[PDB]
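Enquirer: First, the structure itself, so that you have it in front of you.
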Amino acid sequence: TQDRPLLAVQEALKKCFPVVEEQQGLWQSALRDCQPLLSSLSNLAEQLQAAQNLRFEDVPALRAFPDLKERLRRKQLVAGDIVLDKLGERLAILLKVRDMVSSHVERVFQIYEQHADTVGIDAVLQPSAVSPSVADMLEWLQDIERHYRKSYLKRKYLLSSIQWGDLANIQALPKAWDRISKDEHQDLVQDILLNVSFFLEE
Amino acid sequence: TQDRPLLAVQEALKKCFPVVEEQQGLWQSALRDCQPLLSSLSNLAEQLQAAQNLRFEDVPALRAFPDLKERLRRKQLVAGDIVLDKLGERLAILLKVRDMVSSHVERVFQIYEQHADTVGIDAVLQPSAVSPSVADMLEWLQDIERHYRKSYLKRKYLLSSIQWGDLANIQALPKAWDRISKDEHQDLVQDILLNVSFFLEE
Amino acid sequence: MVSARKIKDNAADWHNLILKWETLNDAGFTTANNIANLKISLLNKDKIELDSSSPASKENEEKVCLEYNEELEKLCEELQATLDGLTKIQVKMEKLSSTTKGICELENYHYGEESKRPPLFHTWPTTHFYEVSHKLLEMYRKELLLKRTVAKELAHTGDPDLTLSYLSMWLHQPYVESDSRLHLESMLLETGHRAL
Amino acid sequence: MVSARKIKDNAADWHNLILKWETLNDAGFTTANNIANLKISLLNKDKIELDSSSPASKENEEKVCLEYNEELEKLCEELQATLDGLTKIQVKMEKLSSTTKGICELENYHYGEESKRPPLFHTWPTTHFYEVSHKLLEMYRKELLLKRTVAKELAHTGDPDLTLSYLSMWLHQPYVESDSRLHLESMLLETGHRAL
């Protein structure tokens with residue numbers, strides 16, 4: 001009644017793009033949680049920096065309690081590791097989003113490679129009136145799989161560079177973090193899910 | 001080696017993106033020439049079909065006009081092969097643009113592989129204030145090499161529909177031709193050249 | 001030498017008149033295409049009158065038919081102006097073939113009856129300039145007479161496949177063979193116009 | 001034109017699914033009627049058991065109670081299989097109402113908001129094809145939910161007058177109004193299936 005080996009691929013794509021929509025919801029909800037956390041990191045960086053600049057100076061009024069610099073710094077560093085532990089939780093969310101898309105798309109590609117020689121090179125390239133061609137369907141999932149892995153690299157490397165000291169770098173964290181998004185293609189996954197939004201509801 | 005083993009890669013990129021800028025100008029100047037060529041193919045298809053339908057006609061005005069039905073058909077096919085030959089010239093332009101970028105990017109990536117173990121994983125990922133990171137510079141050239149090669153395949157296969165001779169199929173050539181463009185990443189080569197516009201003038 | 005310069009002069013005018021013919025034919029094809037769109041728009045309006053068959057489309061039938069008539073006669077006068085333009089070219093073309101026609105009539109006579117033929121340029125005898133001037137003339141004489149018939153019948157017809165074929169004959173002109181551009185070069189290279 | 005073929009296609013699929021509903025309703029009424037006769041046959045045998053001698057235990061009562069139950073569970077799966085069949089049809093009904101719904105979604109934009117909507121066939125706008133697809137959907141959506149309730153309560157009930165009314169609602173189907181047969185013809189005569 002219909003082409004059988006194409007239904008297995010069409011159902012694989014009908015089940016894959018709704019997963020990408022869920023993963024993008026957690027991916028975006030995690031990057032939003034990193035906006036105020038890195039802002040408070042830059043704040044604690046300024047406090048630690050100003051305190052370190054005036055840790056060798058001797059203001060006469062604060063000389064009454066010379067054990068003040070040690071207590072103030074410890075309290076600042078405690079609030080710093082609290083922000084770092086919560087930021088690590090958000091990296092775990094971005095890691096989960098990356099692992100889900102990088103594995104489900106590979107499973108959809110296994111279904112495609114099962115019928116790669118049987119569907120025919122002509123049936124894949126042919127598009128519909130509202131559904132893009134099956135070739136564009138798979139290549140767009142590869143571009144989404146690249147976008148999440150290429151961004152997760154920048155998110156993880158930048159959030160591991162803060163541990164390497166550098167009091168000035170952790171003060172400019174939101175400046176380079178917001179650069180990661182603007183330098184990449186932020187409006188890419190939302191456009192692929194838009195062109196295939198007609199293919200999902202049959 | 002140089003005082004900085006990465007300078008050989010930055011010099012390769014400073015010479016590669018201006019070349020991609022030239023190739024995109026020829027790539028687009030050829031696609032614009034294909035809009036009226038496919039329109040004239042659909043136009044001659046409508047004329048050829050209507051003229052062939054009227055082989056049984058007996059027009060009183062057709063009196064004293066010898067070989068008019070015969071010559072018109074030959075004359076339509078001559079003007080058709082002229083449009084086909086011009087479309088073949090435009091495919092040669094799109095293929096040359098593809099072979100240029102696919103060769104310059106491969107040469108830039110060979111220069112990178114010479115110093116991959118000597119430049120350091122930190123120098124590549126590190127961006128500047130106005131120039132993106134050298135890693136994104138190479139990865140964007142990988143996306144451009146994909147855009148030209150993945151489009152050239154669709155451009156040639158869709159323009160192979162002329163082999164069917166179907167007057168209805170070649171009448172919808174400009175309808176499906178504009179679909180290839182809008183479905184691709186139209187604002188990609190011009191957008192990558194925008195982020196690197198600060199790196200070139202250094 | 002004066003007959004030789006007039007052969008080169010006619011050879012130049014033959015090229016200019018061909019360009020004037022194809023240029024006026026382009027403006028004529030725009031007028032004819034507008035005539036076709038006027039016939040199609042009237043048929044489209046006839047279906048709209050049958051859809052909105054209220055007692056207001058039978059009145060708009062008179063309004064549209066008058067705008068159709070005024071624009072049809074305007075396009076018929078515009079197309080007839082293109083016919084007259086191509087006719088002035090054809091008159092000059094008959095004048096180029098008749099002017100050449102006199103040259104060899106007295107050229108073979110000046111030296112008795114077949115004694116020796118002096119080449120007007122390097123190779124082409126004066127007779128060969130006739131075989132080009134006559135074929136080029138007869139091609140556009142047929143083409144002009146056809147374009148007249150297409151202009152008259154295009155406004156009268158209503159058949160879509162006939163309208164397309166009417167516009168088809170006008171765009172690419174049939175009676176002018178494709179080899180006409182080569183025969184012109186074979187004469188322009190001879191007379192000295194085309195660069196050696 | 002594409003909207004015209006898909007509307008004609010929906011008009012055919014709307015008719016085909018209705019025929020599948022009435023056919024499954026006959027097989028479902030046979031299964032349900034067998035359940036009703038099974039409830040009555042057990043009551044009739046219970047009256048025969050009361051007319052039996054006092055020196056008799058449940059010898060055949062244990063055999064009949066197991067075979068009666070096993071046949072009841074078999075008939076419950078048979079009737080539920082008819083319910084699932086009608087549900088798959090109703091899902092396709094929703095797929096026909098959303099497909100038609102999308103046809104008019106692109107029809108309302110093609111003609112702005114200030115021009116009349118040209119009829120897709122002879123006398124039917126694209127919007128009217130939705131109002132029929134939506135009402136037809138609402139009718140069988142209600143009918144499906146009722147057939148579920150009647151199927152569940154038929155096996156559970158023991159009231160005779162309630163069992164009779166259960167079969168009456170499955171038989172005639174109340175929610176399917178009599179005007180469903182006329183609206184179906186108004187679709188097929190328009191799309192070109194039935195001769196006007």
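Labeling convention for the structure tokens: chains A, B, ... as they appear, residues from 1 per chain, ligands from 1 in order of appearance.
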Pull out every residue of chain C sitting within 12 Å of chain D, counting only C-alpha atoms, and send them as an NGL selection string.
Expert: :C and (47-53)
Enquirer: Output, as a short mmCIF file (atom, residue, chain, number, x, y, z; two decimals) with C-alpha atoms, in the first residue's frame, the coordinates of chain A following least-squares superposition onto chain B across all in-order C-alpha pairs.
Expert:
data_model
loop_
_atom_site.label_atom_id
_atom_site.label_comp_id
_atom_site.auth_asym_id
_atom_site.auth_seq_id
_atom_site.Cartn_x
_atom_site.Cartn_y
_atom_site.Cartn_z
CA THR A 1 59.01 36.69 20.24
CA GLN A 2 55.70 35.02 19.38
CA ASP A 3 54.14 31.60 18.88
CA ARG A 4 55.60 30.31 15.61
CA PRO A 5 53.34 27.31 14.78
CA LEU A 6 50.22 29.48 15.13
CA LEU A 7 51.38 32.12 12.63
CA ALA A 8 51.36 29.52 9.84
CA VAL A 9 47.70 28.78 10.57
CA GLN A 10 46.71 32.42 11.11
CA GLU A 11 48.27 33.35 7.76
CA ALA A 12 46.49 30.40 6.13
CA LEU A 13 43.15 31.75 7.37
CA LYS A 14 44.05 35.34 6.47
CA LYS A 15 44.58 34.08 2.90
CA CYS A 16 41.58 31.71 2.81
CA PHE A 17 38.66 33.98 3.74
CA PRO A 18 39.52 36.60 1.07
CA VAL A 19 39.38 33.70 -1.40
CA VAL A 20 35.92 32.72 -0.11
CA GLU A 21 34.85 36.34 -0.66
CA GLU A 22 36.01 36.23 -4.28
CA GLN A 23 34.37 32.85 -4.89
CA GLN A 24 31.10 34.12 -3.40
CA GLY A 25 31.21 37.04 -5.83
CA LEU A 26 31.35 34.68 -8.81
CA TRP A 27 28.94 32.24 -7.15
CA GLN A 28 26.34 34.99 -6.73
CA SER A 29 26.99 36.55 -10.15
CA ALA A 30 26.33 33.12 -11.70
CA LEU A 31 23.08 32.43 -9.83
CA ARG A 32 21.86 35.85 -10.97
CA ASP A 33 22.63 34.89 -14.58
CA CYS A 34 20.42 31.81 -14.13
CA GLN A 35 17.34 33.79 -13.05
CA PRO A 36 16.36 35.15 -16.52
CA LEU A 37 17.70 32.11 -18.37
CA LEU A 38 15.35 29.74 -16.53
CA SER A 39 12.52 32.25 -16.98
CA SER A 40 13.04 32.11 -20.75
CA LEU A 41 13.15 28.31 -20.48
CA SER A 42 9.70 28.34 -18.87
CA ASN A 43 8.59 30.66 -21.69
CA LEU A 44 9.82 28.29 -24.40
CA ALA A 45 8.23 25.44 -22.44
CA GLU A 46 4.86 27.20 -22.64
CA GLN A 47 5.32 27.83 -26.37
CA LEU A 48 6.28 24.21 -27.07
CA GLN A 49 3.44 22.99 -24.85
CA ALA A 50 0.77 25.18 -26.45
CA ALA A 51 2.07 24.26 -29.91
CA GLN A 52 2.04 20.56 -29.00
CA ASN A 53 -1.51 20.80 -27.64
CA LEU A 54 -2.57 22.36 -30.95
CA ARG A 55 -0.38 20.22 -33.20
CA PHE A 56 -3.12 17.63 -33.74
CA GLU A 57 -5.94 20.17 -33.99
CA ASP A 58 -6.81 21.61 -37.41
CA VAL A 59 -7.58 25.32 -37.50
CA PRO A 60 -8.82 26.13 -41.04
CA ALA A 61 -6.84 29.35 -41.48
CA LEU A 62 -3.46 27.73 -40.76
CA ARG A 63 -4.22 24.80 -43.09
CA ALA A 64 -2.95 26.85 -46.06
CA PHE A 65 0.64 26.05 -45.01
CA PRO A 66 0.80 22.62 -43.33
CA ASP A 67 4.62 22.76 -43.08
CA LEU A 68 4.31 25.50 -40.43
CA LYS A 69 4.35 23.31 -37.30
CA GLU A 70 7.70 21.78 -38.27
CA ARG A 71 9.45 25.11 -38.88
CA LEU A 72 7.98 26.81 -35.79
CA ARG A 73 9.10 23.97 -33.51
CA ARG A 74 12.65 23.82 -34.90
CA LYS A 75 13.05 27.56 -34.32
CA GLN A 76 11.75 27.15 -30.76
CA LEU A 77 14.16 24.28 -30.02
CA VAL A 78 17.13 26.23 -31.40
CA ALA A 79 16.45 29.05 -28.94
CA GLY A 80 16.12 26.39 -26.25
CA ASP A 81 19.57 24.88 -26.80
CA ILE A 82 21.02 28.41 -26.81
CA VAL A 83 19.68 28.96 -23.29
CA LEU A 84 20.92 25.51 -22.27
CA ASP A 85 24.45 26.18 -23.55
CA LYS A 86 24.59 29.48 -21.65
CA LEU A 87 23.23 27.79 -18.52
CA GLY A 88 25.99 25.19 -18.83
CA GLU A 89 28.48 28.06 -18.81
CA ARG A 90 27.03 29.22 -15.49
CA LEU A 91 27.26 25.70 -14.08
CA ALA A 92 30.95 25.80 -15.01
CA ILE A 93 31.24 28.96 -12.90
CA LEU A 94 29.54 27.29 -9.94
CA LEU A 95 31.78 24.25 -10.42
CA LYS A 96 34.89 26.46 -10.38
CA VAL A 97 33.68 28.22 -7.22
CA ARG A 98 33.11 24.84 -5.56
CA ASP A 99 36.49 23.41 -6.60
CA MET A 100 38.41 26.48 -5.40
CA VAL A 101 36.93 26.50 -1.90
CA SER A 102 36.96 22.71 -1.51
CA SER A 103 40.69 22.65 -2.39
CA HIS A 104 42.04 25.79 -0.68
CA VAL A 105 40.30 24.92 2.60
CA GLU A 106 41.88 21.47 2.39
CA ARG A 107 45.27 23.16 1.96
CA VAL A 108 44.58 25.36 5.00
CA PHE A 109 43.64 22.17 6.85
CA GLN A 110 46.97 20.64 5.81
CA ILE A 111 48.74 23.58 7.47
CA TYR A 112 46.60 22.99 10.56
CA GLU A 113 47.34 19.25 10.64
CA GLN A 114 51.06 20.08 10.51
CA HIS A 115 50.80 21.87 13.88
CA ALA A 116 47.75 20.07 15.30
CA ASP A 117 49.86 18.31 17.95
CA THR A 118 52.17 21.29 18.64
CA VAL A 119 49.87 24.31 19.02
CA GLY A 120 47.98 22.76 21.93
CA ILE A 121 44.30 22.03 22.54
CA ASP A 122 44.04 25.12 24.77
CA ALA A 123 45.38 27.70 22.29
CA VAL A 124 42.83 26.77 19.61
CA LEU A 125 39.68 27.08 21.73
CA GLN A 126 40.74 30.43 23.21
CA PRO A 127 39.06 33.39 21.45
CA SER A 128 40.19 37.00 21.21
CA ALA A 129 38.29 40.25 21.76
CA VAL A 130 37.55 40.75 18.05
CA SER A 131 38.79 37.50 16.46
CA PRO A 132 36.87 34.25 17.05
CA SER A 133 38.58 31.13 18.33
CA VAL A 134 40.78 29.21 15.89
CA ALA A 135 38.41 26.25 16.27
CA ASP A 136 35.46 28.32 15.05
CA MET A 137 37.68 29.64 12.24
CA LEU A 138 38.21 26.17 10.79
CA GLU A 139 34.74 24.76 11.47
CA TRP A 140 33.17 27.74 9.71
CA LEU A 141 35.33 27.03 6.66
CA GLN A 142 34.01 23.46 6.77
CA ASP A 143 30.45 24.81 6.86
CA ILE A 144 31.19 27.04 3.86
CA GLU A 145 32.77 24.09 2.05
CA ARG A 146 29.59 22.15 2.80
CA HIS A 147 27.31 24.99 1.68
CA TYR A 148 28.95 25.23 -1.75
CA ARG A 149 29.10 21.47 -2.33
CA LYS A 150 25.56 20.86 -1.05
CA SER A 151 24.24 23.67 -3.25
CA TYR A 152 26.26 22.66 -6.32
CA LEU A 153 24.58 19.25 -6.08
CA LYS A 154 21.10 20.79 -6.23
CA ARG A 155 22.13 23.23 -8.97
CA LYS A 156 23.59 20.43 -11.11
CA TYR A 157 20.91 17.80 -10.48
CA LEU A 158 18.07 20.24 -11.18
CA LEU A 159 19.77 21.49 -14.34
CA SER A 160 20.24 17.90 -15.53
CA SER A 161 16.62 16.91 -14.83
CA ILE A 162 15.49 19.27 -17.60
CA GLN A 163 17.04 16.94 -20.19
CA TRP A 164 14.80 14.04 -19.07
CA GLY A 165 11.83 15.38 -21.05
CA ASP A 166 8.95 16.49 -18.83
CA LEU A 167 7.37 19.49 -20.55
CA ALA A 168 5.78 20.56 -17.25
CA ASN A 169 8.99 20.42 -15.19
CA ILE A 170 10.92 22.82 -17.43
CA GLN A 171 7.93 25.17 -17.18
CA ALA A 172 8.28 25.16 -13.36
CA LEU A 173 12.09 25.51 -13.37
CA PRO A 174 12.29 28.97 -11.71
CA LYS A 175 9.84 27.78 -9.04
CA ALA A 176 12.09 24.92 -7.88
CA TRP A 177 15.35 26.75 -8.63
CA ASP A 178 14.48 29.62 -6.29
CA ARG A 179 13.48 26.91 -3.81
CA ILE A 180 17.06 25.59 -3.74
CA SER A 181 18.28 28.88 -2.27
CA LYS A 182 15.38 29.47 0.15
CA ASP A 183 15.57 25.90 1.47
CA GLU A 184 19.31 26.16 2.16
CA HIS A 185 21.15 28.78 4.26
CA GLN A 186 21.64 31.59 1.75
CA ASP A 187 22.77 34.02 4.47
CA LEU A 188 25.55 31.87 5.89
CA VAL A 189 28.76 32.69 4.02
CA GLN A 190 28.11 36.43 4.39
CA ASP A 191 27.82 36.04 8.18
CA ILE A 192 30.98 33.97 8.62
CA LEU A 193 32.97 36.53 6.62
CA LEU A 194 31.46 39.19 8.90
CA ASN A 195 32.57 37.73 12.24
CA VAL A 196 36.07 37.18 10.81
CA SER A 197 36.15 40.63 9.18
CA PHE A 198 38.00 41.88 12.28
CA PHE A 199 40.63 39.11 12.14
CA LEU A 200 41.78 39.91 8.59
CA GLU A 201 43.17 43.43 9.16
CA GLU A 202 45.41 42.19 12.02
#
